[PDB]
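The data block below is coords_13.txt; it holds compact mmCIF, C-alpha atoms.
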```
# COMPACT_ATOMS: atom_id res chain seq x y z
CA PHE A 1 22.13 -9.37 -7.69
CA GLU A 2 24.77 -10.08 -5.07
CA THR A 3 24.69 -9.37 -1.36
CA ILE A 4 28.26 -8.33 -0.54
CA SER A 5 27.92 -7.80 3.23
CA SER A 6 25.23 -7.62 5.93
CA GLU A 7 25.53 -5.44 9.04
CA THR A 8 23.01 -4.98 11.86
CA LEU A 9 22.60 -1.33 12.81
CA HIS A 10 19.94 -1.76 15.50
CA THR A 11 17.64 -4.39 16.95
CA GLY A 12 14.34 -3.32 18.46
CA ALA A 13 11.24 -4.95 19.90
CA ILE A 14 9.34 -5.61 16.67
CA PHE A 15 11.99 -5.03 13.98
CA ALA A 16 15.71 -4.79 13.23
CA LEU A 17 17.68 -2.47 10.94
CA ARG A 18 20.28 -4.15 8.73
CA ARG A 19 22.50 -2.50 6.14
CA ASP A 20 23.55 -4.49 3.11
CA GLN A 21 26.02 -3.67 0.35
CA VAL A 22 24.47 -4.75 -2.94
CA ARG A 23 25.91 -5.50 -6.38
CA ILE A 24 27.90 -1.49 -5.01
CA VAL A 25 25.16 0.40 -3.14
CA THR A 26 23.90 0.61 0.45
CA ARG A 27 20.55 -1.11 1.05
CA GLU A 28 19.14 -0.64 4.54
CA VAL A 29 16.41 -3.20 5.26
CA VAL A 30 13.92 -3.22 8.13
CA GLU A 31 13.44 -6.87 9.17
CA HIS A 32 9.95 -7.59 10.42
CA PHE A 33 7.96 -10.49 11.92
CA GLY A 34 5.33 -10.15 9.24
CA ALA A 35 1.68 -9.98 10.21
CA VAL A 36 -1.80 -11.35 9.51
CA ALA A 37 -5.13 -9.49 9.15
CA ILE A 38 -8.68 -10.78 8.86
CA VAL A 39 -11.67 -9.74 6.75
CA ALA A 40 -14.52 -11.42 8.65
CA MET A 41 -17.58 -11.21 6.44
CA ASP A 42 -20.92 -12.12 7.98
CA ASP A 43 -23.85 -13.73 6.12
CA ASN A 44 -25.25 -10.31 5.22
CA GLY A 45 -22.03 -9.13 3.62
CA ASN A 46 -20.75 -6.91 6.42
CA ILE A 47 -17.27 -6.88 7.94
CA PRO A 48 -15.95 -5.67 11.32
CA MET A 49 -13.29 -2.94 11.43
CA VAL A 50 -11.38 -1.43 14.35
CA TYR A 51 -10.48 2.21 15.05
CA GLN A 52 -6.94 2.15 16.42
CA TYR A 53 -4.45 4.87 17.31
CA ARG A 54 -1.25 4.81 15.24
CA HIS A 55 1.58 6.78 16.79
CA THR A 56 3.40 6.86 13.43
CA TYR A 57 0.64 9.14 12.15
CA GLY A 58 -0.42 10.69 15.44
CA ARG A 59 -4.07 9.72 14.94
CA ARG A 60 -6.52 6.80 14.85
CA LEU A 61 -7.02 4.75 11.70
CA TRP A 62 -9.73 2.35 10.56
CA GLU A 63 -8.19 -1.09 10.09
CA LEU A 64 -8.89 -4.78 9.92
CA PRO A 65 -8.34 -6.96 12.99
CA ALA A 66 -4.63 -7.79 12.73
CA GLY A 67 -1.57 -8.93 14.64
CA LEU A 68 2.16 -9.62 14.31
CA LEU A 69 3.67 -13.08 13.79
CA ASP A 70 5.64 -12.71 17.03
CA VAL A 71 4.84 -16.21 18.27
CA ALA A 72 7.62 -18.56 17.18
CA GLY A 73 6.23 -21.72 15.66
CA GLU A 74 2.63 -20.47 15.67
CA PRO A 75 0.92 -20.93 12.26
CA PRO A 76 -0.28 -17.64 10.68
CA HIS A 77 -3.70 -19.24 10.48
CA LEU A 78 -3.76 -19.73 14.27
CA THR A 79 -2.44 -16.22 14.93
CA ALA A 80 -5.17 -14.82 12.67
CA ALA A 81 -7.96 -16.71 14.48
CA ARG A 82 -6.59 -15.68 17.84
CA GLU A 83 -6.58 -12.05 16.72
CA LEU A 84 -10.10 -12.20 15.30
CA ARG A 85 -11.19 -13.49 18.72
CA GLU A 86 -9.31 -10.95 20.83
CA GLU A 87 -10.03 -7.98 18.60
CA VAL A 88 -13.68 -8.36 17.63
CA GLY A 89 -14.93 -11.40 19.56
CA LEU A 90 -15.49 -13.65 16.56
CA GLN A 91 -14.74 -17.21 15.61
CA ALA A 92 -15.12 -18.37 12.00
CA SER A 93 -15.91 -21.84 10.67
CA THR A 94 -14.27 -21.11 7.30
CA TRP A 95 -10.85 -19.64 6.52
CA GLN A 96 -9.40 -18.81 3.09
CA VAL A 97 -6.55 -16.64 1.81
CA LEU A 98 -7.87 -13.34 0.48
CA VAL A 99 -4.68 -11.41 -0.35
CA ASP A 100 -1.02 -11.06 0.64
CA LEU A 101 0.63 -7.65 0.49
CA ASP A 102 4.18 -6.41 0.79
CA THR A 103 3.70 -3.18 2.74
CA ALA A 104 6.87 -1.18 2.08
CA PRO A 105 8.88 -3.07 -0.60
CA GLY A 106 11.33 -0.19 -0.57
CA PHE A 107 12.71 -0.52 2.96
CA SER A 108 11.22 -3.44 4.89
CA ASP A 109 10.75 -7.18 4.42
CA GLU A 110 7.35 -7.25 6.11
CA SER A 111 4.61 -9.08 4.25
CA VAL A 112 1.04 -9.38 5.49
CA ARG A 113 -1.38 -12.23 4.84
CA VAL A 114 -5.05 -11.27 4.77
CA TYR A 115 -7.63 -13.98 5.39
CA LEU A 116 -11.31 -14.08 4.52
CA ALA A 117 -13.17 -15.60 7.47
CA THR A 118 -16.85 -16.59 7.15
CA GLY A 119 -19.40 -18.67 9.07
CA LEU A 120 -19.18 -16.42 12.11
CA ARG A 121 -20.04 -16.98 15.78
CA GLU A 122 -19.82 -14.29 18.46
CA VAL A 123 -17.73 -15.63 21.30
CA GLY A 124 -16.20 -14.44 24.56
CA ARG A 125 -17.77 -12.34 27.34
CA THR A 126 -13.50 0.57 19.26
CA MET A 127 -14.93 -1.28 16.26
CA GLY A 128 -17.69 -1.02 13.67
CA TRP A 129 -19.55 -3.18 11.18
CA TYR A 130 -19.55 -1.87 7.61
CA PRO A 131 -21.26 -3.24 4.54
CA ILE A 132 -18.50 -4.24 2.12
CA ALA A 133 -19.67 -1.78 -0.52
CA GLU A 134 -19.60 1.07 1.98
CA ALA A 135 -16.16 0.02 3.25
CA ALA A 136 -15.05 0.08 -0.38
CA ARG A 137 -16.42 3.58 -0.91
CA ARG A 138 -14.68 4.66 2.30
CA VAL A 139 -11.37 3.51 0.82
CA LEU A 140 -11.95 5.43 -2.43
CA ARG A 141 -12.90 8.39 -0.27
CA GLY A 142 -9.77 8.39 1.89
CA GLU A 143 -11.59 7.37 5.08
CA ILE A 144 -9.63 4.09 5.12
CA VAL A 145 -5.91 4.51 4.39
CA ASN A 146 -4.19 1.66 6.27
CA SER A 147 -2.55 -0.33 3.42
CA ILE A 148 -3.60 -3.72 4.85
CA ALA A 149 -7.19 -2.54 5.26
CA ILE A 150 -7.28 -1.12 1.72
CA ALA A 151 -6.10 -4.43 0.21
CA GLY A 152 -8.48 -6.51 2.30
CA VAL A 153 -11.55 -4.35 1.74
CA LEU A 154 -11.10 -3.96 -2.02
CA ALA A 155 -10.12 -7.62 -2.33
CA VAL A 156 -13.24 -8.94 -0.60
CA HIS A 157 -15.20 -6.36 -2.60
CA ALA A 158 -13.92 -7.94 -5.83
CA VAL A 159 -14.95 -11.29 -4.39
CA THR A 160 -18.47 -10.24 -3.33
CA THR A 161 -19.12 -8.76 -6.78
CA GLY A 162 -18.30 -12.09 -8.40
CA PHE A 163 -15.16 -10.66 -9.96
CA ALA A 164 -12.75 -12.98 -8.13
CA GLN A 165 -12.52 -15.86 -5.67
CA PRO A 166 -10.82 -16.44 -2.29
CA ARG A 167 -8.14 -19.09 -1.93
CA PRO A 168 -7.12 -22.22 0.00
CA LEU A 169 -5.35 -21.72 3.32
CA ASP A 170 -2.42 -23.64 1.83
CA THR A 171 -1.88 -20.91 -0.78
CA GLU A 172 1.83 -20.10 -0.87
CA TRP A 173 2.88 -16.96 0.99
CA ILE A 174 5.84 -15.98 -1.18
CA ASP A 175 7.29 -13.22 1.00
CA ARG A 176 6.42 -14.33 4.52
CA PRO A 177 9.29 -12.81 6.56
CA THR A 178 11.85 -14.97 8.34
CA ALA A 179 14.95 -12.88 9.08
CA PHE A 180 13.82 -11.07 12.23
CA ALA A 181 12.29 -14.26 13.63
CA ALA A 182 15.51 -16.16 12.89
CA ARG A 183 17.46 -13.72 15.09
CA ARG A 184 15.58 -14.86 18.21
CA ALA A 185 16.75 -11.77 20.13
CA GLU A 186 14.98 -12.55 23.41
CA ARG A 187 15.55 -14.16 26.85
CA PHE B 1 -1.59 10.25 23.89
CA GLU B 2 1.58 11.98 25.00
CA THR B 3 5.03 11.87 23.45
CA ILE B 4 7.38 11.88 26.43
CA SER B 5 10.74 11.88 24.60
CA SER B 6 12.14 11.47 21.07
CA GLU B 7 15.56 9.95 20.34
CA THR B 8 17.20 9.34 16.97
CA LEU B 9 18.79 5.90 16.77
CA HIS B 10 20.05 6.08 13.18
CA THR B 11 19.80 8.26 10.09
CA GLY B 12 20.13 6.66 6.68
CA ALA B 13 19.81 7.68 3.06
CA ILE B 14 16.05 7.34 2.65
CA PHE B 15 14.82 7.02 6.25
CA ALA B 16 15.65 7.58 9.92
CA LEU B 17 14.94 5.49 13.02
CA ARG B 18 13.57 7.38 16.01
CA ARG B 19 12.52 5.94 19.36
CA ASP B 20 9.75 7.62 21.28
CA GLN B 21 8.45 7.01 24.79
CA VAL B 22 4.66 7.14 24.66
CA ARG B 23 1.98 7.68 27.30
CA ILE B 24 4.95 4.55 29.11
CA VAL B 25 6.02 2.36 26.17
CA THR B 26 8.77 2.41 23.54
CA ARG B 27 7.59 3.33 20.03
CA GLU B 28 10.27 3.08 17.36
CA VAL B 29 9.22 4.98 14.22
CA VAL B 30 10.80 4.84 10.76
CA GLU B 31 10.65 8.38 9.32
CA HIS B 32 10.24 8.40 5.56
CA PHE B 33 10.09 10.93 2.69
CA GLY B 34 6.78 9.53 1.56
CA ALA B 35 6.26 8.63 -2.08
CA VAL B 36 3.97 8.98 -5.09
CA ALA B 37 2.82 6.33 -7.60
CA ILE B 38 0.87 6.64 -10.84
CA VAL B 39 -1.90 4.59 -12.42
CA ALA B 40 -1.73 5.79 -16.04
CA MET B 41 -4.82 4.50 -17.77
CA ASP B 42 -4.97 4.79 -21.56
CA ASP B 43 -8.15 5.32 -23.61
CA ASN B 44 -8.65 1.56 -23.93
CA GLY B 45 -8.54 0.97 -20.19
CA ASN B 46 -5.01 -0.40 -19.91
CA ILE B 47 -2.31 0.67 -17.46
CA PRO B 48 1.51 0.36 -17.55
CA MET B 49 3.30 -1.58 -14.81
CA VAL B 50 7.00 -2.09 -14.13
CA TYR B 51 8.87 -5.25 -13.05
CA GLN B 52 11.44 -4.10 -10.50
CA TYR B 53 13.86 -5.96 -8.24
CA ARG B 54 13.24 -5.44 -4.52
CA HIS B 55 16.20 -6.39 -2.36
CA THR B 56 13.93 -6.55 0.72
CA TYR B 57 12.28 -9.61 -0.83
CA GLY B 58 15.18 -10.83 -2.94
CA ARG B 59 13.09 -10.88 -6.13
CA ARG B 60 11.34 -8.71 -8.73
CA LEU B 61 7.84 -7.36 -8.14
CA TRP B 62 5.20 -5.91 -10.43
CA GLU B 63 4.53 -2.32 -9.40
CA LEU B 64 3.20 1.02 -10.54
CA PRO B 65 5.61 3.72 -11.70
CA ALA B 66 6.61 5.39 -8.43
CA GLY B 67 9.21 7.53 -6.70
CA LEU B 68 10.19 9.05 -3.36
CA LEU B 69 9.47 12.65 -2.33
CA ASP B 70 13.20 13.29 -1.91
CA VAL B 71 13.13 16.64 -3.71
CA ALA B 72 12.66 19.40 -1.14
CA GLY B 73 9.99 21.84 -2.22
CA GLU B 74 8.92 19.76 -5.23
CA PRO B 75 5.11 19.25 -5.35
CA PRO B 76 4.06 15.56 -5.23
CA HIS B 77 2.16 16.22 -8.43
CA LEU B 78 5.39 17.27 -10.20
CA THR B 79 7.35 14.33 -8.75
CA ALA B 80 4.63 11.97 -9.99
CA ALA B 81 4.70 13.38 -13.54
CA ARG B 82 8.47 13.26 -13.60
CA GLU B 83 8.37 9.61 -12.55
CA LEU B 84 5.71 8.67 -15.09
CA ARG B 85 8.00 10.17 -17.73
CA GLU B 86 11.23 8.54 -16.56
CA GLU B 87 9.70 5.16 -15.78
CA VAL B 88 7.33 4.49 -18.67
CA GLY B 89 7.82 7.39 -21.09
CA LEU B 90 4.39 8.93 -20.65
CA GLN B 91 2.95 12.37 -20.14
CA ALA B 92 -0.68 12.82 -19.11
CA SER B 93 -3.02 15.74 -19.78
CA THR B 94 -5.21 14.91 -16.76
CA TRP B 95 -4.22 14.22 -13.15
CA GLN B 96 -6.50 13.25 -10.26
CA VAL B 97 -6.01 11.66 -6.84
CA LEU B 98 -6.89 7.97 -6.92
CA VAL B 99 -5.93 6.78 -3.42
CA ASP B 100 -3.55 7.49 -0.54
CA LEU B 101 -2.21 4.62 1.53
CA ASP B 102 -0.26 4.34 4.75
CA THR B 103 2.08 1.45 4.00
CA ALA B 104 3.20 0.21 7.42
CA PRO B 105 1.14 2.09 10.06
CA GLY B 106 2.81 -0.07 12.67
CA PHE B 107 6.41 1.15 12.33
CA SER B 108 6.83 3.88 9.72
CA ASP B 109 5.32 7.27 8.92
CA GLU B 110 5.48 6.77 5.15
CA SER B 111 2.32 7.55 3.23
CA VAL B 112 1.97 7.16 -0.53
CA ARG B 113 -0.24 9.19 -2.84
CA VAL B 114 -1.48 7.36 -5.92
CA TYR B 115 -2.59 9.42 -8.91
CA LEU B 116 -4.81 8.48 -11.83
CA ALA B 117 -3.28 9.94 -14.99
CA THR B 118 -5.23 9.93 -18.28
CA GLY B 119 -5.01 11.60 -21.70
CA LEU B 120 -1.67 9.98 -22.46
CA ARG B 121 1.11 10.88 -24.89
CA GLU B 122 4.24 8.78 -25.42
CA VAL B 123 7.25 11.03 -24.99
CA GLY B 124 11.03 10.77 -24.85
CA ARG B 125 13.42 8.82 -27.10
CA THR B 126 11.04 -3.75 -17.81
CA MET B 127 7.36 -2.81 -18.08
CA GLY B 128 4.07 -4.15 -19.38
CA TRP B 129 0.60 -2.92 -20.31
CA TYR B 130 -2.26 -4.74 -18.57
CA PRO B 131 -5.98 -4.33 -18.99
CA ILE B 132 -7.31 -3.07 -15.64
CA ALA B 133 -9.51 -6.13 -15.16
CA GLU B 134 -6.55 -8.45 -15.73
CA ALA B 135 -4.36 -6.41 -13.38
CA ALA B 136 -7.14 -6.76 -10.82
CA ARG B 137 -7.28 -10.53 -11.26
CA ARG B 138 -3.49 -10.62 -10.92
CA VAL B 139 -3.81 -8.95 -7.52
CA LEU B 140 -6.46 -11.44 -6.34
CA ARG B 141 -4.17 -14.16 -7.65
CA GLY B 142 -1.04 -13.06 -5.79
CA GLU B 143 0.84 -12.03 -8.95
CA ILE B 144 0.82 -8.40 -7.74
CA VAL B 145 1.72 -8.01 -4.05
CA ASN B 146 3.35 -4.57 -3.77
CA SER B 147 0.97 -2.70 -1.41
CA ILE B 148 1.00 0.51 -3.49
CA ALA B 149 0.27 -1.44 -6.67
CA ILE B 150 -2.57 -3.37 -5.00
CA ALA B 151 -4.26 -0.16 -3.83
CA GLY B 152 -3.83 1.58 -7.17
CA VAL B 153 -4.99 -1.33 -9.31
CA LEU B 154 -8.07 -2.19 -7.24
CA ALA B 155 -8.86 1.51 -6.81
CA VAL B 156 -8.85 2.28 -10.54
CA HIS B 157 -10.75 -0.98 -11.01
CA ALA B 158 -13.52 0.33 -8.73
CA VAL B 159 -13.46 3.51 -10.80
CA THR B 160 -13.62 1.81 -14.22
CA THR B 161 -16.57 -0.31 -13.09
CA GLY B 162 -18.52 2.82 -12.18
CA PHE B 163 -18.33 1.98 -8.49
CA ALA B 164 -16.35 5.08 -7.50
CA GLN B 165 -14.78 8.27 -8.81
CA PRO B 166 -11.25 9.78 -8.84
CA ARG B 167 -10.55 13.04 -7.03
CA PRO B 168 -9.21 16.58 -7.44
CA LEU B 169 -5.45 17.06 -7.21
CA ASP B 170 -6.11 19.38 -4.28
CA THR B 171 -7.55 16.49 -2.24
CA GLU B 172 -6.01 16.61 1.23
CA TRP B 173 -3.17 14.15 1.86
CA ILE B 174 -3.72 13.60 5.58
CA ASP B 175 -0.55 11.66 6.36
CA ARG B 176 1.98 13.06 3.90
CA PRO B 177 5.28 12.63 5.81
CA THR B 178 7.31 15.61 6.98
CA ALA B 179 9.68 14.48 9.75
CA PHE B 180 12.49 12.97 7.68
CA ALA B 181 12.36 15.86 5.22
CA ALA B 182 12.49 18.35 8.10
CA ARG B 183 15.79 16.85 9.27
CA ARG B 184 17.56 17.97 6.08
CA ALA B 185 20.47 15.60 6.78
CA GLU B 186 22.52 16.43 3.67
CA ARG B 187 25.40 18.65 2.45
```

Take the structure I supplied and represent it as structure tokens, if you would.
Amino acid sequence: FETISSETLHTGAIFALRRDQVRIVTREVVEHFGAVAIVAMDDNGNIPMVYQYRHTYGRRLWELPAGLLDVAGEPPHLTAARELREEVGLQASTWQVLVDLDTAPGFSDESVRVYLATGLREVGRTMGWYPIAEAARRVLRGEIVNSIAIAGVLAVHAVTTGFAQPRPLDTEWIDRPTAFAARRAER
Amino acid sequence: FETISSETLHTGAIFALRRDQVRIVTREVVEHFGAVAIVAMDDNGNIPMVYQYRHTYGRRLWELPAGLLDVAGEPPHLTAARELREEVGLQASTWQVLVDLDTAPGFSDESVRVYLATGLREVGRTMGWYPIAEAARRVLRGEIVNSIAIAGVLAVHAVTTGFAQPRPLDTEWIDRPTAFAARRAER
């Protein structure tokens, strides 16, 4: 394919709208920072999940601890650990790549990297702990709909059943976003 | 929460950008038609998947047959069957709700309903057939990243392993989008 022209329609706080002419059709793309989420499994096979309000839906959704890659230069790995700390008060000795997901391939360039964190310590000084199998049944029951949470929960479920394995932190993130970050629209 | 004001920033072909002031912070939402995807499992436990180019990522991705709910009044169920036909030349005797997913809860109201279609007939006159277990391993291997495809594949995988069950077509779709459709910006 060929990108004829690129035009910015609007730049917001967390994303930008750009219209491209493609080889000829209009292709409006929502540039995004990209994000990271964490599936922190304890030694008993349970994971922590948060209950957060999502304006887009006008209600609260059960999700994995997660955050945007809105810190220029900060490694996703670091961002993920920082978020696990802030969100559920946990630090993990081990970090591996569970699954990457492209949220809305149809209109945005956001990609989310989900990590599997184990060897947990409770640090610091709404959320719930769910056994992985129950979290999985919740997904298949519609109680968990957030796309990042679905991927993470079913992915770790496939891992805890012996079906698959996690991955090295250095696993390539094929679609990690870069456009919105490259704009540096701030200051 | 309280929605103070709603302002439309831009209306496109498949989505609209609206900025809301929430109880006070800015909350830009991408209104979407919503979409449907189909996991058509044959009697041997294999499903068809398409290899489609996604401008947002600048490459082709493996996905499930899917389409937008851009047909006013048309039942998702109908849209899904139409898409299964057009995309992979299949008609299914049985239709059940596999899983619903909210793609990007952070900035868009799109929600996607994934159906499990069985009792297949090849009708009519790129895509591939993958055994469910292999499709599942592809996900956990990063070969399948589309969020809708991930949900569908791992969901049917949990079903084919006896872990969970599908659902009636009348299952409630909690976050089926309505805002963009309600605008009726056309003609």

For this session: Enumerate as an MDAnalysis selection string the residues belonging to chain B that approach chain A to within 7 Å, with all atoms listed in the file taken into account.
Result: chainID B and resid 29 54 56:57 99:109 137 140 142 145:147 150:151 154:155 164 175

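Counting all atoms listed in the file and comparing B:16, B:132, B:127, B:169, the residue that lies closest to residue 43 of chain B is B:132.
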
For this session: One decimal, Å: what's the distance from atom CA of residue 70 of chain B over to atom CA of residue 115 of chain B, could you say?
Result: 17.7 Å

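Counting from atom CA of residue 11 of chain A, the distance to atom CA of residue 84 of chain A is 28.9 Å.
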
Output chain A, superimposed onto chain B using in-order Cα pairs, as a compact mmCIF listing (two decimals) with C-alpha atoms, in the coordinates of the input:
```txt
# COMPACT_ATOMS: atom_id res chain seq x y z
CA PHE A 1 -1.60 10.25 23.89
CA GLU A 2 1.58 11.98 25.00
CA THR A 3 5.02 11.87 23.45
CA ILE A 4 7.38 11.88 26.44
CA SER A 5 10.74 11.88 24.60
CA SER A 6 12.14 11.47 21.07
CA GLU A 7 15.56 9.95 20.35
CA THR A 8 17.20 9.34 16.97
CA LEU A 9 18.79 5.89 16.77
CA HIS A 10 20.04 6.08 13.18
CA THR A 11 19.80 8.26 10.10
CA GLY A 12 20.13 6.66 6.68
CA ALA A 13 19.81 7.69 3.05
CA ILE A 14 16.05 7.35 2.65
CA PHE A 15 14.82 7.02 6.25
CA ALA A 16 15.65 7.58 9.92
CA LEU A 17 14.94 5.49 13.02
CA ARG A 18 13.57 7.38 16.01
CA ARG A 19 12.53 5.94 19.36
CA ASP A 20 9.75 7.62 21.28
CA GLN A 21 8.45 7.01 24.79
CA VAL A 22 4.66 7.15 24.66
CA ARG A 23 1.98 7.68 27.30
CA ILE A 24 4.95 4.54 29.11
CA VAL A 25 6.02 2.36 26.17
CA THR A 26 8.77 2.41 23.54
CA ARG A 27 7.59 3.33 20.03
CA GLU A 28 10.26 3.09 17.35
CA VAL A 29 9.22 4.98 14.21
CA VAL A 30 10.81 4.84 10.76
CA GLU A 31 10.65 8.38 9.32
CA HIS A 32 10.24 8.41 5.56
CA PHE A 33 10.09 10.93 2.69
CA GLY A 34 6.78 9.54 1.56
CA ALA A 35 6.27 8.63 -2.08
CA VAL A 36 3.97 8.98 -5.09
CA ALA A 37 2.82 6.33 -7.60
CA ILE A 38 0.87 6.65 -10.84
CA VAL A 39 -1.90 4.59 -12.42
CA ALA A 40 -1.73 5.79 -16.04
CA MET A 41 -4.82 4.49 -17.78
CA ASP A 42 -4.97 4.79 -21.55
CA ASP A 43 -8.15 5.32 -23.61
CA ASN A 44 -8.65 1.56 -23.93
CA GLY A 45 -8.54 0.97 -20.20
CA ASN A 46 -5.01 -0.40 -19.91
CA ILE A 47 -2.31 0.66 -17.47
CA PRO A 48 1.50 0.36 -17.55
CA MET A 49 3.30 -1.58 -14.81
CA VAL A 50 7.00 -2.10 -14.13
CA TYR A 51 8.87 -5.25 -13.05
CA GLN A 52 11.44 -4.11 -10.50
CA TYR A 53 13.86 -5.96 -8.24
CA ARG A 54 13.24 -5.44 -4.52
CA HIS A 55 16.19 -6.39 -2.36
CA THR A 56 13.93 -6.55 0.72
CA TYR A 57 12.28 -9.61 -0.83
CA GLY A 58 15.18 -10.83 -2.94
CA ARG A 59 13.09 -10.88 -6.13
CA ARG A 60 11.34 -8.70 -8.72
CA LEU A 61 7.85 -7.36 -8.14
CA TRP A 62 5.20 -5.90 -10.44
CA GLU A 63 4.53 -2.31 -9.40
CA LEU A 64 3.21 1.02 -10.53
CA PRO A 65 5.61 3.72 -11.71
CA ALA A 66 6.61 5.39 -8.43
CA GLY A 67 9.21 7.53 -6.71
CA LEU A 68 10.19 9.05 -3.36
CA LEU A 69 9.46 12.65 -2.33
CA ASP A 70 13.20 13.29 -1.92
CA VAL A 71 13.13 16.63 -3.71
CA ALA A 72 12.66 19.39 -1.14
CA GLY A 73 10.00 21.84 -2.22
CA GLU A 74 8.92 19.76 -5.23
CA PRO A 75 5.12 19.24 -5.36
CA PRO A 76 4.05 15.55 -5.23
CA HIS A 77 2.16 16.21 -8.43
CA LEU A 78 5.39 17.26 -10.19
CA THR A 79 7.35 14.33 -8.75
CA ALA A 80 4.63 11.97 -9.99
CA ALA A 81 4.69 13.38 -13.54
CA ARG A 82 8.46 13.26 -13.61
CA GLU A 83 8.36 9.61 -12.54
CA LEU A 84 5.70 8.67 -15.09
CA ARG A 85 8.01 10.17 -17.73
CA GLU A 86 11.23 8.54 -16.57
CA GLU A 87 9.70 5.17 -15.78
CA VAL A 88 7.33 4.48 -18.67
CA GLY A 89 7.82 7.39 -21.09
CA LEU A 90 4.39 8.93 -20.65
CA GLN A 91 2.96 12.37 -20.14
CA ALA A 92 -0.68 12.82 -19.10
CA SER A 93 -3.02 15.74 -19.78
CA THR A 94 -5.21 14.91 -16.76
CA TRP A 95 -4.22 14.22 -13.15
CA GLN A 96 -6.50 13.24 -10.26
CA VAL A 97 -6.01 11.66 -6.83
CA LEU A 98 -6.89 7.97 -6.92
CA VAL A 99 -5.93 6.78 -3.42
CA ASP A 100 -3.55 7.50 -0.54
CA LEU A 101 -2.21 4.62 1.53
CA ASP A 102 -0.26 4.35 4.75
CA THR A 103 2.08 1.45 4.00
CA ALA A 104 3.20 0.21 7.41
CA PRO A 105 1.13 2.09 10.06
CA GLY A 106 2.81 -0.06 12.67
CA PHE A 107 6.41 1.15 12.33
CA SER A 108 6.83 3.88 9.72
CA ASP A 109 5.31 7.27 8.92
CA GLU A 110 5.49 6.77 5.15
CA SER A 111 2.32 7.55 3.23
CA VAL A 112 1.97 7.16 -0.52
CA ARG A 113 -0.24 9.19 -2.85
CA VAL A 114 -1.48 7.36 -5.93
CA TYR A 115 -2.59 9.42 -8.91
CA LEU A 116 -4.81 8.48 -11.83
CA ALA A 117 -3.28 9.94 -14.99
CA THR A 118 -5.23 9.93 -18.28
CA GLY A 119 -5.02 11.60 -21.70
CA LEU A 120 -1.68 9.98 -22.46
CA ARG A 121 1.12 10.88 -24.88
CA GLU A 122 4.25 8.78 -25.42
CA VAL A 123 7.25 11.02 -24.99
CA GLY A 124 11.03 10.77 -24.84
CA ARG A 125 13.41 8.82 -27.10
CA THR A 126 11.04 -3.76 -17.81
CA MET A 127 7.37 -2.81 -18.08
CA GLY A 128 4.06 -4.14 -19.38
CA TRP A 129 0.60 -2.92 -20.30
CA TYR A 130 -2.25 -4.74 -18.56
CA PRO A 131 -5.98 -4.33 -18.98
CA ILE A 132 -7.31 -3.08 -15.64
CA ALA A 133 -9.51 -6.13 -15.16
CA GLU A 134 -6.56 -8.45 -15.73
CA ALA A 135 -4.36 -6.40 -13.38
CA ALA A 136 -7.14 -6.76 -10.82
CA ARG A 137 -7.28 -10.53 -11.26
CA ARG A 138 -3.49 -10.63 -10.92
CA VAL A 139 -3.81 -8.95 -7.53
CA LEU A 140 -6.45 -11.44 -6.34
CA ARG A 141 -4.17 -14.16 -7.65
CA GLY A 142 -1.05 -13.06 -5.80
CA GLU A 143 0.84 -12.03 -8.95
CA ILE A 144 0.83 -8.40 -7.74
CA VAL A 145 1.72 -8.01 -4.05
CA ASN A 146 3.35 -4.56 -3.77
CA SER A 147 0.97 -2.70 -1.40
CA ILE A 148 1.00 0.51 -3.49
CA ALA A 149 0.27 -1.44 -6.67
CA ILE A 150 -2.57 -3.38 -5.00
CA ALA A 151 -4.26 -0.16 -3.83
CA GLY A 152 -3.84 1.58 -7.17
CA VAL A 153 -4.99 -1.33 -9.32
CA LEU A 154 -8.06 -2.18 -7.24
CA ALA A 155 -8.86 1.51 -6.81
CA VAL A 156 -8.85 2.28 -10.54
CA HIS A 157 -10.75 -0.98 -11.01
CA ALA A 158 -13.52 0.33 -8.74
CA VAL A 159 -13.46 3.51 -10.80
CA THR A 160 -13.62 1.81 -14.22
CA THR A 161 -16.57 -0.31 -13.08
CA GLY A 162 -18.51 2.83 -12.18
CA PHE A 163 -18.34 1.98 -8.49
CA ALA A 164 -16.35 5.08 -7.50
CA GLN A 165 -14.78 8.28 -8.81
CA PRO A 166 -11.26 9.78 -8.84
CA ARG A 167 -10.55 13.03 -7.03
CA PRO A 168 -9.21 16.58 -7.44
CA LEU A 169 -5.45 17.06 -7.21
CA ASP A 170 -6.11 19.38 -4.27
CA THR A 171 -7.56 16.49 -2.24
CA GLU A 172 -6.00 16.61 1.23
CA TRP A 173 -3.17 14.15 1.85
CA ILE A 174 -3.72 13.60 5.57
CA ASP A 175 -0.55 11.66 6.36
CA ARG A 176 1.98 13.06 3.90
CA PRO A 177 5.27 12.63 5.81
CA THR A 178 7.31 15.60 6.98
CA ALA A 179 9.68 14.48 9.75
CA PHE A 180 12.49 12.97 7.68
CA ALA A 181 12.36 15.87 5.21
CA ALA A 182 12.48 18.36 8.10
CA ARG A 183 15.79 16.85 9.27
CA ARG A 184 17.56 17.97 6.08
CA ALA A 185 20.47 15.60 6.78
CA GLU A 186 22.52 16.43 3.67
CA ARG A 187 25.40 18.65 2.45
```

Exercise. Taking into account only C-alpha atoms, which residue in the set A:36, A:47, A:92, A:117 is nearest to residue 75 of chain A?
Worked result: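 Selected residue with least distance to residue 75 of chain A: A:36.
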
Exercise. Do you know which residues are at most 10 Å from residue 71 of chain A counting all atoms listed in the file, after dropping those on the same chain fewer than 6 positions away, and could you put them as a PyMOL selection string?
Worked result: chain A and resi 33+79+181

For this session: Work out how far atom CA of residue 52 of chain A is from atom CA of residue 87 of chain A, in Å to one decimal.
Result: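 According to the coordinates, atom CA of residue 87 of chain A and atom CA of residue 52 of chain A are separated by 10.8 Å.
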